[PDB]
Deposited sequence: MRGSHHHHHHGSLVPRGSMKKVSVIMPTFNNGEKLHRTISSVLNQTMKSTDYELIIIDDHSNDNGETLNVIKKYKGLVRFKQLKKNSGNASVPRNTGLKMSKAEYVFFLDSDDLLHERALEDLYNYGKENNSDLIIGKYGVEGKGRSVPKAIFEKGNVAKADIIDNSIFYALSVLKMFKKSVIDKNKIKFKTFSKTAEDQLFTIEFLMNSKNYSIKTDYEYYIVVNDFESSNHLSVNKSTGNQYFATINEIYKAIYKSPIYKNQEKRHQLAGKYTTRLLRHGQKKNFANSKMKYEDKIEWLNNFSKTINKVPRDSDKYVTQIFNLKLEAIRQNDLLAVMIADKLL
């Protein structure tokens, strides 16, 4: 049994993929103690990506899917079924591991009996920032969702204990183009107790290059996961987690400032209708846990009142 399976979906990466693969093959961890599983989402780039992957045959595991699934969910699911390792680690095909990543995160996980180990993110190139608050206290052996700001760091680019994923049948959902990764991490968090944060190096380097129907169905599943948590079973604790998530959603959600945007009126109405429908399935008891500057915006969404959202946004 391997200590770690790195699961990397690929799609039309071509020759750029060498760099990412090299970052995985040059780990300080013993080569026999881990594997890289590459799942190619039926690249169509005149054989370029597949030709790159074939240069590592015998050093990696590899499967190609019959048709392109359109995002990381199915390829990542395919990888989970292939791994019988202790931990998995999701790596995107454009990012880079620090050479110490697998060894340090695994060791720290083992030491602290962690279900989830989060390594500090670095960045290559201007663009999207990476989470910062989660890493501001240094290393944390047993982290808290709320105190360590985990709802602001919900990518799957982390080390997850495989047995939690297996026992709880946790899979990536395939019906939405956005927030699926948040849902997977939340489902994991709600079924596990022990989370660790490792900050000694920048272990994972992020490289930078709708009507809301599907999106708000995904958000609905996040709230459902919280309210069914077997770990966080106290009802008031669920309200608190749900309120903290609502705060995160209002702070960083898709099209968060749609109301005063250049979106067509008809599209605003449909967007807000979906948003309102989803939030109205969340108990109002969670609302007292939302940061209070958002009190009006949140009520306006509940009331499905576009004028009131517009006004709330002018006052924020």
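Residues 1 to 18, 228 to 238 of the deposited sequence have no C-alpha coordinates in the model.
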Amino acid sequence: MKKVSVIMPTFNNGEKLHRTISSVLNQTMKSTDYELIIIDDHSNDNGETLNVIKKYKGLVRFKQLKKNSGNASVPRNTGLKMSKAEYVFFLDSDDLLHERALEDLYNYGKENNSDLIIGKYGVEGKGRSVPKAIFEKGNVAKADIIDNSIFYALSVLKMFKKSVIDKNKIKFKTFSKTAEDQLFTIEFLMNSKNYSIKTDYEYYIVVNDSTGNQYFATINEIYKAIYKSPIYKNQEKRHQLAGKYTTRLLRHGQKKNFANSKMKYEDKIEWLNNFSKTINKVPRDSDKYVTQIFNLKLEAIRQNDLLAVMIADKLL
From here on, numbers count along this sequence of modelled residues.
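What we label the rigid core is the largest C-alpha set whose atoms superpose within 1.5 Å from one form to the other.
Core-fitted comparison in 5 other deposited structures of this protein shows that, between 276 to 284 and 261 to 269, the CA atoms farther from the shown form belong to 261 to 269.
Per the compared records, residue 230 is resolved in all of the other entries whose models span it, so no third of them omit it. Among the other PDB entries of this protein that were compared and that flank it with modelled residues, residue 103 is modelled in all, so it is never left out in a third of them.
When 21 to 29 is weighed against 304 to 312, 21 to 29 comes out higher, by mean CA B-factor as recorded in the entry. Of the two segments examined, 240 to 248 and 142 to 150, it is 142 to 150 that shows the higher average Cα temperature factor in the deposited entry. The PDB entry gives the largest Cα B-factor of the residues 64, 273, 286, 291 to 64.
Highest CA B-factor among the listed residues (123, 225, 189, 91): 123. For residue 57, the recorded CA temperature factor ranks within the highest third of the chain's modelled residues. Placement of the Cα temperature factor of residue 177 within the chain: highest third of the modelled residues, per the deposited record. Remark: residue 155 belongs to the lowest third of its chain, ranked by C-alpha B-factor as recorded. Among all modelled residues in its chain, residue 50 ranks in the highest third by Cα B-factor. In the deposited entry, the Cα temperature factor of residue 42 places it in the highest third of its chain's modelled residues.
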